[PDB]
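# Structural description and commentary
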Amino acid sequence: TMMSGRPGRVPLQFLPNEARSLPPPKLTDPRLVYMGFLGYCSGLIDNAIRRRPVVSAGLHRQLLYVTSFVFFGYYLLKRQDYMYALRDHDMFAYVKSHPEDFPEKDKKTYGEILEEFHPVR
Amino acid sequence: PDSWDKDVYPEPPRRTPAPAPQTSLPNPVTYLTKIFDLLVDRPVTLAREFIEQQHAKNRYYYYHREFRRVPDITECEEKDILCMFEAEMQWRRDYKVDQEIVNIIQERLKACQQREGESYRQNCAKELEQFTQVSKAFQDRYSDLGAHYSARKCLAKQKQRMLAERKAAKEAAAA
Amino acid sequence: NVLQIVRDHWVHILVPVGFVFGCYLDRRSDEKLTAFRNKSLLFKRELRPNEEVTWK
Amino acid sequence: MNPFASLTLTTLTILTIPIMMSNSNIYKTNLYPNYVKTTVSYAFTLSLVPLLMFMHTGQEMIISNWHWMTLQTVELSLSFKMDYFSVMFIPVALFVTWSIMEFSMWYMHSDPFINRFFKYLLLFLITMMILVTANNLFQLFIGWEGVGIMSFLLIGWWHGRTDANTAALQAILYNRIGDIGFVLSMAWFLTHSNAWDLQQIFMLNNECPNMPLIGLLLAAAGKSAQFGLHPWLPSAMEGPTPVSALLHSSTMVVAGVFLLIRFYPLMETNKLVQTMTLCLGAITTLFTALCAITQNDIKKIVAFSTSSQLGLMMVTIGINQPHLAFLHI
Amino acid sequence: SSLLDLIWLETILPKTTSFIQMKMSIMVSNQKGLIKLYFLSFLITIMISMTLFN
Amino acid sequence: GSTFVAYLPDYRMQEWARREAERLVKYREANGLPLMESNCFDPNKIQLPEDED
Amino acid sequence: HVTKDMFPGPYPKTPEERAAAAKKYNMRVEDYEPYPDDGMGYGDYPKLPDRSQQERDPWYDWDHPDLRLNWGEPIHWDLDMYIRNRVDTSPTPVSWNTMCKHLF
Amino acid sequence: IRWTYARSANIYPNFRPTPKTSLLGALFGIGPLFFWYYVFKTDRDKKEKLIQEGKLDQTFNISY
Amino acid sequence: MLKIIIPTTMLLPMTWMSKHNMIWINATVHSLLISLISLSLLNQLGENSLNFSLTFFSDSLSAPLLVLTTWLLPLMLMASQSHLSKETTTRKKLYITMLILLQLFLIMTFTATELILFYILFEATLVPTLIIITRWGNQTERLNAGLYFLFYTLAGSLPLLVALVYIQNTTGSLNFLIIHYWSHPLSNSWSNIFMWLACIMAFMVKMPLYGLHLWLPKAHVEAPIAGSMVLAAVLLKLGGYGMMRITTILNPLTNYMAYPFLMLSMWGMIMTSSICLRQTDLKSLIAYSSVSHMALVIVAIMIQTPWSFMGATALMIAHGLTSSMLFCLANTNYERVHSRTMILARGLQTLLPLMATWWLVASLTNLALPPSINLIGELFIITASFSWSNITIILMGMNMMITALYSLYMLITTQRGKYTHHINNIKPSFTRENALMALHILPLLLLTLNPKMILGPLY
Ligand SMILES: CCCCCCCCCCCCCCCCCC(=O)OC[C@H](COP(=O)([O-])OCC(O)COP(=O)([O-])OC[C@@H](COC(=O)CCCCCCCCCCCCCCCCC)OC(=O)CCCCCCCCCCCCCCCCC)OC(=O)CCCCCCCCCCCCCCCCC
Ligand SMILES: CCCCCCCCCCCCCCCCC[C@@H](O)O[C@H](CO[C@H](O)CCCCCCCCCCCCCCC)COP(=O)(O)OCC[N+](C)(C)C
Ligand SMILES: CCCCCCCCCCCCCCCCC[C@@H](O)O[C@H](CO[C@H](O)CCCCCCCCCCCCCCC)COP(=O)(O)OCC[N+](C)(C)C
Ligand SMILES: CCCCCCCCCCCCCCCCC[C@@H](O)O[C@H](CO[C@H](O)CCCCCCCCCCCCCCC)COP(=O)(O)OCC[N+](C)(C)C
Ligand SMILES: CCCCCCCC/C=C/CCCCCCCC(=O)OC[C@H](COP(=O)(O)OCCN)OC(=O)CCCCCCC/C=C/CCCCCCCC
């Protein structure tokens, strides 16, 4: 799946307009919480490197790190969900438009299938 | 006792002989068992009665769980996971029930062997044949499945056995 | 003395808060697997006069 | 209700009370050995009652009281057999232990750890009662290993002596050599008969094959100090005289002979294993008596006498006379 | 203890790997820094690629 | 914790299985049915493949 | 407190290193004898006689009376096999071959 | 210290691949494995044949 | 399942925000509380499993291992409290952090509905152990031991990742439930043979197998007491759990495939039990005993019968507890003697009687004395092997005998005889050490009352 050549794709569009039809990630999304945790860890390591009280040196700096991480994570998650939605839409459309390549398998019950039995001895 | 069903675990009438003192000497067994009764059985009995009236003052019941019958693995599609799950659970429950059945039969056999004592070889032939039959049945269903056993493996084993039986019957008829 | 032992004993409260939060998260994750509630072949049951869901 | 069961379990239960009180204050006083001796004497005089009931009636019973784990079809439970052998051996063992502790109160008068010695003796007695009254093979193995461990502890009573530790390790080695055959018998019985219970095994084995009986014979040879594995019994004289008088002379060392007696319905249906048992007993009694007639240590002489008597016991077993071997015990 | 566990089992997996990796590292990294040899090797690999992959 | 583990409810369904087996054997003995069947599944609903060899 | 030179090394080939190794293990040069120089990693450890500890003098005042060893003396390679709790090499009144043949 | 170090840590650096070492190592590290493999393989082949012909009498064998 | 995971995560901020002299008290109390919380998982069903969510499930094979993993942490903290006394607060906090991370990784490993998540956590457990071994280690060979431990594991496990991604590409799912219900036979093919080898060798190396067991003596001898405890008690059982989980896909190929491993383990248990007889080190002796027990567990898993699986589970739990106790006893001796050699300090029963009693109980439970769960697993595995083949018993017999020997040997060399005259710094045993031994030993004798609680899903 190389989607660079997809027809009707704006070159440098981070989030296309049709992505607005997808549900946005919730503000309490676990991945957003993880990005905020990453920002908090970045703040702690920043305090540790510059030889400052790790937990309580700069509250504004740690808050800025967490907020920026959450912002970028929200937009990145939006783009991720949009790209996966595009992949699924393309796969379903291709399956619909090529019936001969995806035949409907005849439903068969185990009572009429013969599976070889290997005893455990 | 009413706590357990007499038909499931049968017992003989337990005929016992009568005391026939051929001598006038007072045997120690009777006096010993009477003093044992007086010193042990009565206090235990009264304690039990007190506990029983304490239990009757508070009464509650619990009900044995009943299960519906679900289509087994033979009425399941090759990849339909929901029915295979239901059939596997049902098969495991039936396996547990069969294990308990074999346990009950083995209990019958052990009880007979102890109860009839010295003539256990003759007076327990019924229980021996019963256990032989149930053991033959149980072994056929689950003996070689091994670990990671499943309903599909049991069904495949049954199919292999029944094709073998059908071929043997056809060859015997056409012999 | 209150407001003084707190500054030294505040750490103890964290493990139980984590436990109750984990219980809440377990229930919340459970809430998302209700697609087959009161639909299993083994437990199809008719709802009680004052019952909405068989299990929460 | 039928006081046979209550009495025959009460004896074994009250045999355990001093072990419970071993953490109490009485264990730190000089009255502990007398406490243990009185407990043993009361246990003996209380177990005399089921013996009288058996003599009057011939009353037999099995008590499967506690249900342990059940694996698939197989069920494991705390089951006690109170057959003629159990109800006959218990009073004799309790009387011998009572006499042994009365003697040991005087023989161990200057031993600083006399309460621990008495505790060790009571633990061995309890374990041997477990071994004798066992109805299934797992409980019998529990007693089998417990008596061996207590013998290991009692032989090396003076742990500053190198030779006592060497003798204890010798006893453990030979008992494990017998344990190999014991475990073989257990595995064969579970696999073929589908149970470790005595009643089931007798019922499903009308013509017992060679292998389980060979395993049982190996275990009996290991624990009764037959010719193949004899030297540990003479080497066990390193322990205190009460230990040699109680364990290695009259109660513990008859464990193999008692085990072969327990499986006499299967012993009588096989002819080769009977011949092996007879030959082993004969060679053991000859060799041990031959060694005895020329020793200078009195304890060694009497221990070799005990080993020769055990050989005679297995000679009795090999000619299909288990009850007479029990009477000899 | 000594023949198998301390010597041969040690000789087979860990020691052989250590010796082989040491020899390979010594052979590969031992270059005197002469771009003459480097570019002669470049010519050789260029001609080999022209002769082998088409 | 030991007390809690000791009094755990029967989620393994051991007494349930015992009662089920008791009721089942009570019924089978009366009917004259031969205890437990050899086949775990009924043969009428199994469709074997015909050999014709 | 032990230095690098106080540990066993490779097999001695020259008389000078043989004497140095004998000095290391606190014995005479004439009494020092390493194991034969094969593949097994004996290295440079003395080959003391294969006599057990049981037949050592039980009346000498050893620093370890139970093990019958002195503090600084060299230790046999197979000491833990000869600890008076295990196989011993004490001579018997009857010769080994006679007991074997007689027993056999 | 010298005893323990020579017993444990001085073995391999003084090892030399020798016909004695090679043959003893190969024997004591390979021969038992192949011997037991042959024994168990023969036993299991015999058991499998006996169960194929069915003359094994596996009555009451329910636990494995 | 988060009701256990979240408190374990909260253990870290609590430790790092603790007062400089209250870390041990806070850590032990909350670890014991988390262990109590873990006890709820033990109430399993005879049905499928305790499927909490799409990510984590519980099983009666997973539940005893989870309970043991939770219970081990307070013991490790109590054992480590002694030798970390002269250490700065930051480094003690780092040590506690590493222990907490190890517990968290193990807890997530044992639930792990998906095989790739299981592999990720299974290899994540490697870093804290390596750092603990190579940082707070006494000798100079801790670096070599860490290198061995890392590279044996990674050489074993790198093919496993390729096999897993290939299996997901073909089948379509790596989920345990889907794999079990959709399992299909593997044809006897060269590609299938190599797939079997890649799936099995990663768990074989960590047991470890007799051929691949070299890293273990180094890692056990050179690691601190907490490292030795976690290696012997939990980290060795990861291979057994992985084999029991992954073997379902392998059949029917396992029967032919199993012979090289069955022979290696049946001979290696004898080899390692015999090695134990001639050892000059306590830690090495305990390590080799662990190798023998895990070789027996390998045999049980490879036989692949119900009794085999129950015996393997029981033996894993019993060995974990027993080996942790043995390492704790050896460390108590070492902290007084500083030599860690058996023949130096002797006759310790005269000086430390209660500690000698603890030694006796530990050696008896290592000896598999009935009715301990050690012998329960021993006997179940032996019976299953006998049903597999009537000749195996002979080897098993030897093993049992040899085991007893060295066990009592370790009991006789250090506790019985005459105390060394020169050593005079043998102080009376502390309450902390006696509590450690009691907390190690009481669960075994409690579990022997309820064996079914540790007999696995095939009970
Ligand atoms: C699985 C996911 C879940 C867990 C996540 C895991 C990761 C999380 C954290 C990630 C990183 C963020 C923090 C690291 C910054 C480093 C700062 C530091 O060192 O600590 C000092 C600092 C205390 O010291 P200080 O007084 O400030 O000054 C001393 C100097 O800082 C320094 O003093 P010094 O320099 O004199 O001391 C020297 C020492 C100091 O050197 C260090 O300590 C370096 C720090 C570690 C390196 C970090 C690398 C990046 C993160 C990687 C994490 C790896 C995880 C993956 C698994 C592999 C494991 C390696 O270095 C050495 O001793 C040299 C040798 C060290 C041994 C080998 C090194 C191994 C280190 C690997 C550690 C991995 C886990 C780290 C966990 C956190 C540790 C602080 O620690 C703290 O107080 C901060 C800890 C966290 C704060 C918690 C606050 C939250 C509580 C309130 C909120 C409640 C939460 C819940 C809400 C709702 C409840 C109501
Ligand atoms: C290592 C961790 C990753 C961090 C990377 C740095 C983070 C800081 C970057 C700050 C914002 C960068 C976004 C740029 C703004 C607009 C971008 C937009 O115009 O470009 C689009 C493309 O958007 C960007 O490519 C998305 C970049 C986002 C990278 C995040 C993925 C990280 C991998 C997963 C690890 C998780 C990291 C989470 C913590 C940051 C259109 O691309 P297109 O002209 O059509 O085709 C060229 C690309 N092709 C050829 C591959 C198809
Ligand atoms: C010091 C000298 C002695 C003094 C004391 C004298 C008194 C001795 C008595 C002590 C033991 C003697 C034997 C008496 C046994 C009676 C109690 C027994 O019957 O209860 C057991 C109960 O014990 C428990 O089942 C086992 C204990 C649980 C073990 C869990 C470990 C604790 C957690 C700690 C962390 C775990 C670390 C290891 C990880 C796996 C078995 O119960 P069960 O027959 O079934 O059914 C109970 C009734 N039901 C039917 C209503 C349910
Ligand atoms: C070092 C410490 C231990 C490490 C782990 C050791 C365990 C791994 C060893 C792997 C076991 C055997 C691998 C393959 C076994 C296949 C069966 C074979 O041995 O039997 C015959 C196979 O014949 C020959 O063995 C052919 C292979 C010969 C080449 C293999 C090298 C032999 C020795 C190498 C051992 C080195 C292993 C370690 C490498 C680093 C059967 O003949 P055939 O019917 O035709 O083949 C059946 C298989 N089919 C159906 C897929 C075709
Ligand atoms: C000591 C461990 C045991 C080692 C035994 C053999 C050692 C010698 C092998 C050395 C490495 C060989 C590398 C190449 C092997 C090629 C195997 C292979 O390609 O099979 C892949 C097979 C089928 O290939 P396809 O082409 O996709 O099928 C289509 C047609 N049927 O698919 C798979 O199963 C992929 C799984 C990866 C295979 C694992 C390769 C590595 C060897 C297996 C592990 C054994 C060594 C473990 C090291 C032990 C150290 C602790």
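Header annotation of the entry names cryo-EM as the structure determination method and lists the resolution as 2.7 Å.

Labelled according to the PDB entry, chain B appears under the name NADH dehydrogenase [ubiquinone] 1 beta subcomplex subunit 10, originating from Sus scrofa.

Per the PDB entry, the recorded name for chain A is NADH dehydrogenase [ubiquinone] 1 subunit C2, and the organism is Sus scrofa. A UniProt comment under Subcellular location (unreviewed entry) is attached to chain A, and it reads "Mitochondrion inner membrane". Of chain A, the UniProt comment under Sequence similarities (unreviewed entry) reads exactly: "Belongs to the complex I NDUFC2 subunit family."

## As for the overall build of chain B
A tally of helices and strands in chain B yields 5 helices and 0 strands. Along chain B, from the amino end to the carboxyl end, the secondary structure elements read α-α-α-α-α. Taking 2.2 N^0.38 as the reference for a compact globule, 175 residues should give roughly 16 Å; the C-alpha atoms of chain B span a radius of gyration of 27 Å, well beyond that estimate. The dimensions of chain B, computed from C-alpha atoms along their principal axes, are 80 × 55 × 25 Å. When the 175 residues of chain B are sorted by exposure, 37% land in the buried category. Summed over all atoms, the accessible surface of chain B reaches about 11,500 Å², with 57% contributed by carbon and sulfur. Chain B carries 30 positive and 28 negative side-chain charges, and their two centres are separated by 1 Å.

## Side note on the overall build of chain A
Within chain A, the regular secondary structure consists of 2 helices and 0 strands. Expected size for 121 residues packed as a compact globule is a radius of gyration near 14 Å; at 25 Å, chain A overshoots this value by more than 25%. When the 121 residues of chain A are sorted by exposure, 18% land in the buried category. Sequence separation of at least 24 residues holds for 62% of the intrachain contacts in chain A that already meet a minimum separation of 6. In the structure as shown, chain A presents an accessible area of about 9,500 Å², 63% of it carried by carbon and sulfur atoms. Between the mean site of the 17 positive side-chain charges and the mean site of the 13 negative ones, chain A shows a separation of 15 Å.

## With respect to the UniProt feature "transmembrane region" (unreviewed entry) in chain A
UniProt tags residues 61-77 of chain A as "transmembrane region" (unreviewed entry). Helix makes up 100% of residues 61-77 of chain A and strand 0%. Its end C-alpha atoms lie 24 Å apart.

## What to know about empty space enclosed by the protein
All names here are of chain I. Counted as a void, the largest cavity has a volume near 100 Å³. Along the wall of the largest cavity there are 13 residues; nearest its centre are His293, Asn366, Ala368, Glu378 and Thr403. Of all the elements, helix α20 (residues 392-415) adds the most residues to the lining of the largest cavity, at 3 residues. Class assignment of the residues belonging to the lining of the largest cavity gives a composition of 5 nonpolar, 6 polar and 2 charged.

## Things to note about helix α4 (residues 125-142) of chain B
With 18 residues, α4 of chain B extends 26 Å between its outermost C-alpha atoms, agreeing within 8% with the 26 Å of an ideal straight helix rising 1.5 Å per residue. Of the positions making up α4 of chain B, those classed as buried are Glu127, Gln130, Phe131, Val134, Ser135, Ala137, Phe138, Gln139, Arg141 and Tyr142 of chain B. Structurally, α4 of chain B contributes buried residues whose contacts are with α2 (81-115), α3 (120-123) and α5 (151-173) of chain B, α8 (198-204) of chain D together with α2 (14-31) of chain F.

## Some remarks on the site of ligand 3
Surveying the vicinity of ligand 3 reveals 14 residues, the closest of which are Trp66 of chain D, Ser2 and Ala6 of chain F together with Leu446 and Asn450 of chain I. Those chains with residues close to ligand 3 are chains D, F and I. Measuring from an oxygen atom of ligand 3, one finds a side-chain N or O atom of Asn450 of chain I at 3.1 Å. Broken down by secondary-structure element, the contributors of at least two residues to the shell around ligand 3 are α1 (2-6) of chain F together with α3 (62-83) and α21 (431-447) of chain I. Partitioning the shell around ligand 3 into residue classes produces 11 nonpolar, 3 polar and no charged.

## Things to note about the site of ligand 4
Residues and elements named next belong to chain I. For ligand 4, the full set of nearby residues is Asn188, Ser189, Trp190, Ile193, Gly211, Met257, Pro260, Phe261 and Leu264. Across the complex, the protein chains shield 34% of the 1,300 Å² of accessible surface that ligand 4 would expose by itself. For the shell around ligand 4, the secondary-structure elements that each account for two or more residues are α9 (190-206) and α14 (259-277). Split into classes, the residues belonging to the shell around ligand 4 amount to 6 nonpolar, 3 polar and no charged.

## Brief notes about the state of the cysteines
Throughout this description, disulfide means a covalent bond between two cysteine sulfur atoms. Counted under the stated rule, the structure contains 1 disulfide over all chains. Across the disulfide, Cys112 of chain B is cross-linked to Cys124 of chain B (sulfur-sulfur distance 2.0 Å). Between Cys112 of chain B and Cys124 of chain B the disulfide shows an S-S torsion of about -100°. By sign, it is left-handed. Taken together, the residues span a long stretch of sequence, with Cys112 of chain B in helix α2 and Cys124 of chain B in the loop between α3 and α4 at a distance of 12 residues. Since its relative accessible area comes to 1%, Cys124 of chain B is described here as buried. Not engaged in a disulfide, the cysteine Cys276 of chain I finds its nearest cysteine sulfur in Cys328 of chain I; these two sulfurs lie 19 Å apart.

## A look at the interface of chain F and chain B
Between chain F and chain B, the residue contacts involve 30 residues of the former and 43 residues of the latter. In this assembly, chain F packs against chain B so that about 3,400 Å² is buried in total across both faces, 60% of it on carbon and sulfur atoms. A salt bridge links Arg23 of chain F to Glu66 of chain B; the nearest nitrogen and oxygen atoms lie 2.9 Å apart. Run the count over chain F and chain B and you get 20 residue pairs in polar contact.

## Concerning the arrangement of the chains
The closest approach of any C-alpha atom in chain A to one in chain D is 13 Å; the two make no contact. Nowhere do chain C and chain H come into contact; their C-alpha atoms are at least 30 Å apart.

## A word on helix α7 (residues 162-193) of chain D
Residue and element names in this part refer to chain D. The end-to-end C-alpha distance of α7, which contains 32 residues, comes to 46 Å, matching closely the 46 Å that a straight helix rising 1.5 Å per residue would cover. In terms of residue burial, α7 counts as a mostly covered element, since 26 of its 32 residues are buried. Following α7 by one or two positions, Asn194 has its phi on the positive side, about 70°.

## Notes on the environment of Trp307 of chain I
On the secondary structure map, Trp307 of chain I appears in helix α16 (residues 306-337). Taking the C-alpha atoms as reference points, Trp307 of chain I and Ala63 of chain I, separated by 244 residues in sequence, lie 19 Å from one another. Beyond its immediate sequence surroundings of up to four residues, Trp307 of chain I is in contact with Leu71, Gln72, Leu190 and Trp196 of chain D, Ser63 and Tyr64 of chain H together with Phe380 and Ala384 of chain I.

## Some words on the nonpolar core
Residues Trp91 of chain B, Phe263 of chain D together with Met302 of chain I are the most contacted members of the largest nonpolar core, which totals 372 residues. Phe263 of chain D has contacts with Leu137, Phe189, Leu198, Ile201, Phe202 and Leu216 of chain D, leaving out every residue within four places of it along the chain. Judged by nonpolar contacts, the second largest core, of 10 residues, contains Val49, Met53, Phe54 and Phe80 of chain D.

## Considerations on the pairing of strand β1 (residues 62-71) of chain D
Residues and elements named next belong to chain D. In the sheet, β1 pairs with strand β2 (residues 74-81) via 7 bridges, with the strands oriented antiparallel. Residue pairing in the sheet places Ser64 in a bridge with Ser79 of β2. Two successive antiparallel strands, β1 and β2, enclose a turn made up of 2 residues, where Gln72 displays a positive phi of approximately 55°.

## Things to note about unusual backbone geometry
The residue after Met207 of chain I, namely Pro208 of chain I, is reached through a cis peptide bond having omega -5°. Secondary-structure assignment places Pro208 of chain I in the loop between α9 and α10 (215-222). Geometrically, the link from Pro370 of chain I to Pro371 of chain I is a cis peptide bond, its omega value of 0° lying close to zero. Counting through the fold element by element, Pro371 of chain I comes out in the loop between α18 (353-366) and α19 (373-388). The phi dihedral of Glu52 of chain F is positive, around 55°, even though this residue is not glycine. Take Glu52 of chain F: it is sitting in the segment after α2. Take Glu52 of chain F: its relative accessible area is 72%, and that puts it in the exposed class.

Here is what the cut-offs are and how they apply
- Residues numbered from 1 in each chain as written, not as in the entry; some residues may be left out.
- Chains lettered and ligands numbered in written order.
- Part of a larger assembly, values for the part shown.
- Heavy atoms only, no water.
- Residues with missing side-chain atoms left out of burial classes, pairs and counts.
- UniProt positions renumbered as here; feature names shortened; annotations may be inferred.
- Helix = DSSP H or I, 4+ residues; strand = E, 2+ residues; numbered from the N terminus.
- Rg over C-alpha atoms; globule rule 2.2 N^0.38 Å.
- Buried < 20%, exposed > 50% of the residue type's maximum accessible area, 1.4 Å probe, protein only.
- Areas by Shrake-Rupley, 256 points an atom, 1.4 Å probe, with all protein chains shown as cover.
- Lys, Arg positive; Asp, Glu negative; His and termini not counted.
- Charge placed at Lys NZ, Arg CZ, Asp CG, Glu CD.
- Contact = heavy atoms within 4.5 Å.
- 1 Å grid on protein atoms, 1.4 Å probe; cavity = no way out; pocket = protein on both sides within 12 Å on 5 of 7 lines; lining within 4 Å.
- Points joined across faces, edges and corners; volume = space filled by probe spheres on them.
- Nonpolar A, V, L, I, M, F, W, Y, C, P; charged D, E, K, R; others polar.
- Expected span 1.5 Å × (residues − 1).
- Near = heavy atom within 4 Å.
- Polar contact = N/O pair within 3.5 Å; in protein donor to acceptor, adjacent residues only side chain to side chain.
- Disulfide = S-S within 2.5 Å.
- Buried area = accessible area lost by both parts, 1.4 Å probe.
- Salt bridge = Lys/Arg side-chain N within 4 Å of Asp/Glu carboxyl O.
- Core = buried A, V, L, I, M, F, W, Y, C linked by side-chain atoms within 4.5 Å.
- Pairing = 2+ DSSP bridges.

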